[PDB]
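Single-structure report; data block below.
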2 protein chains.
Amino acid sequence: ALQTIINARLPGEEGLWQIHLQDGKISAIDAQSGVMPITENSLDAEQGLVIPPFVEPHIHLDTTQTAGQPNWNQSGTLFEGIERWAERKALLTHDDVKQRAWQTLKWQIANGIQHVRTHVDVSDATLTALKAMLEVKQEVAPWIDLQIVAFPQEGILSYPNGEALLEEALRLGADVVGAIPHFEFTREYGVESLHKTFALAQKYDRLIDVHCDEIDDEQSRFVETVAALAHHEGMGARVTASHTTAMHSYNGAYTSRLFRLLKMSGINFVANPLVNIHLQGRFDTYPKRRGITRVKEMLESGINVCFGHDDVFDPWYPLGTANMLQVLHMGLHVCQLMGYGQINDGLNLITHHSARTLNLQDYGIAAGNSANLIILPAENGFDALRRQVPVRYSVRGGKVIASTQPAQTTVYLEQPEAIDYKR
Amino acid sequence: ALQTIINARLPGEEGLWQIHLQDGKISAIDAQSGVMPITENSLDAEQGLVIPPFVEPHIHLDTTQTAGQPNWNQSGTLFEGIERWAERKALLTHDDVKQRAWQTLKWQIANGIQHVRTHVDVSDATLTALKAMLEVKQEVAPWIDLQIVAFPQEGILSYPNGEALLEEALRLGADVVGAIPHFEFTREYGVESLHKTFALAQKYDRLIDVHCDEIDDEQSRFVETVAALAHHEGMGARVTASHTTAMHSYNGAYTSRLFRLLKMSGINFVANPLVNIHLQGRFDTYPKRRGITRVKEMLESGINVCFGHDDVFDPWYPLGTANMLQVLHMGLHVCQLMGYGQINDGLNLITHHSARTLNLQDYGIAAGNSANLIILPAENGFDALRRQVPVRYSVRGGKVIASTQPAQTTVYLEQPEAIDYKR
Ligand SMILES: [Fe+3]
Ligand SMILES: [Fe+3]
């Protein structure tokens, strides 16, 4: 029965704020001139930062939690990962997918993530993972709004009945149409697959999220077709180009020309730091490229870009706890967004920009919006990122759905001293 | 009055182990065939991992904790960092250096680090930071063995009285002789500075740790002189080449030839992931090189390499909590040591290999050694790294000097559920 969040700091705002709640929504937001006393029905942010929930714009819940089953990827390569996944085929069932997806979703709830977009491989005639994920979506709805992308992993034109299966996935309820041009047999199939993807999105009124140019090939430019088609249909807001790691290898002249179109099209971009730094640059000896898309330049140009985890504890990425501040930390380093303001503003890459990517209509600490917000025990984005703080409280519909009692560290010098890693 | 560590897991060993303690030393280590009961004077590792303390082989305690004073580095560049540091000159006093060094040292104690090698800028006629650090070394001795490197930041031959000041630092007690060849005015001064560095190390019987080829210049090959001189003097074990980021840009043929000498010389290498990924590759547009030395290849060749944090909360690196598992996480990603075994064995890069780099004589969980060890609430190195676990207990001389009560996370679904991020 929470009525107020008090003593809240807000990004880009001075001072402390009080967030009033009513009927599961934010009724008003008022500045405070000092610290407010706690009381029944008040959740004290304790001068910590309050932001609208973290978002996971790109993850594969159908493959999550499978690392080491039955064997571990020892080389760490994409190739071996594919083989290790194949060895687990006998365990891939409806219940298995639901159990693993739920395990990661619980970690996400614990990490203040209330919006998740999962890709699901639909290059499977039985659509086993998709059927399982559609049930998971309904089951987790009280805690996470889950979007499902029908992802034609083996291609649309390069896989038997690929287009038919992609459309079947949409008819079953998938929220987003996926594609993977650079994986199609030819450049022509790649371009044609995008026309088919856009046609399906318009036919069913769905969003689009393409695994776009995820390859260190300076000639992989499917992103220009994604942006051009979006501009032509006037649907930029509903379109996302995931990865675009090839952009890391483009010459500057083409990239400059392309950026005009990217801005005009209004499409969204997702970079996946943890996985990109790991899987890109694998064909280089030395020097080795970083392989993340042009995040810094997109921000400078006002192009919406955000960060996803992509994989959690699977053959393609053995690590992760589904933590967005960890994803952000990696991205700030690899993209060299290390100035104070760049780091502080970093939270945008895992909150607001990701909400835009998911085309969310009810997101942000604003009057009238649902009371969905989280509290970080930190002074600002810089502090939260530097100390990799947990989510103190996650509030959804005005109710607490997760909480973390912080770790307590003590050093025993001449006298015991508490250490909080602040100066 | 601890007499035993029980239920301990050890890297590379099967099962649980009991570590007996007597007179501040490890008296014996015995395998257990099951879980042992707790009791008075027994520290229960609770099937967590027990390892010899984390080590910080490369940090600058003279510059730590100064970020944002008086202004923040907004571009994040090395150039601006130098300017921001210059603006703080009026605050650089004896007491200031001691206060800041101690602040970071407390974070290190909290993070299970009992061995630290700090570089101290001795291109200052007043040697202010060095005098302060020598007192800090004595003060922190009960918790951390601190090694001080006399670091001629502005060069030995390229700075007024550079050589005289370097020797004065040694006469005052600095443990290690530093150098920075690539920063000298000419290649010839660079090579000559190394001869002078080795001569001083032999004259005073000190270790050597060179800021070596920290630059994206494929022609910066001072590392071959460091290794050759060490081989000639038969002192490889006492010598360290820090950074060697230029090696990331060498052609493969030269690198292969060089590796024979690196192995034969027996010198140590320190990579500083967090700072290297941030400061290297700054002159590239796109693609952008990673800029970390050849860590993977050194491991494959049996060349001792380890990881340092380098900078903590300063103009050259605004982040950090002086956490070695965080440094390791970055290094595993950038160096693409992402296979299961590579990640699991990762702890070696922040424990044993770093101890070798510091030429430590009393390190490791072995009978006869001082009872210096830490307990991680994780099953193995992979688990500790993936979950970025805190140090549950840090034991020194058989006594607890630090402890962390873990954070407690709960998600409120149909029923409350504890989340520990394990599957
Ligand atoms: Fe993906
Ligand atoms: Fe350094």
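If you go along the chain as it appears here, the first residue is 1 and each next one adds 1.
For all residues, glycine too, the Cβ spot is worked out from N, Cα and C.
Non-local contacts of A:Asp310 (Zn(2+) binding site) by the CB criterion (under 8 A, 6+ apart in sequence, same chain) comprise A:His58, A:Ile59, A:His60, A:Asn272, A:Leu274, A:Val275, A:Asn276, A:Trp316, A:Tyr317. Residues annotated as Zn(2+) binding site in Swiss-Prot: A:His58, A:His60, A:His211, A:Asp310.
Counting only same-chain residues at least 6 apart in sequence, those with a Cβ under 8 Å from the Cβ of A:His211 (Zn(2+) binding site) are A:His119, A:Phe151, A:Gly178, A:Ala179, A:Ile180, A:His182, A:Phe183, A:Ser242, A:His243. Positions annotated as Fe(2+) binding site by Swiss-Prot: A:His58, A:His60, A:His211, A:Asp310.
According to DSSP, A:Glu214 (active site, proton donor) is assigned to coil rather than to any helix or strand. Residues or ranges marked as active site, proton donor by Swiss-Prot: A:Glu214.
The annotation site 'Activates the nucleophilic water' is assigned in Swiss-Prot to A:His243 on the grounds of a curator's inference.
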Checklist entry - According to DSSP, which of helix, strand or coil covers A:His60 (Zn(2+) binding site)? => result coil
Checklist entry - Of A:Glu214, A:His243, A:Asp310, listed as recorded positions, which ones have a Cβ less than 6 Å away from ligand 1? => result A:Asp310
Checklist entry - Taking the center of the Cβ atoms of A:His58, A:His60, A:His211, A:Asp310 at the recorded Zn(2+) site, which other residues in this chain have a Cβ no more than 8 Å from that point? => result A:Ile59, A:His119, A:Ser242, A:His243, A:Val270, A:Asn272, A:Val275, A:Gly308, A:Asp311
Item to check | CB within-chain contacts under 8 A for A:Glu214 (active site, proton donor), separation at least 6 | outcome: A:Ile180, A:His182, A:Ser242, A:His243, A:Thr244, A:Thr245, A:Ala246
Checklist entry - When DSSP states are folded down to helix, strand and coil, where does A:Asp310 (Zn(2+) binding site) land? => result strand
Checklist entry - Hey, what's the Cβ neighbour count for A:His243 (site 'Activates the nucleophilic water') at 10 Å? => result 29
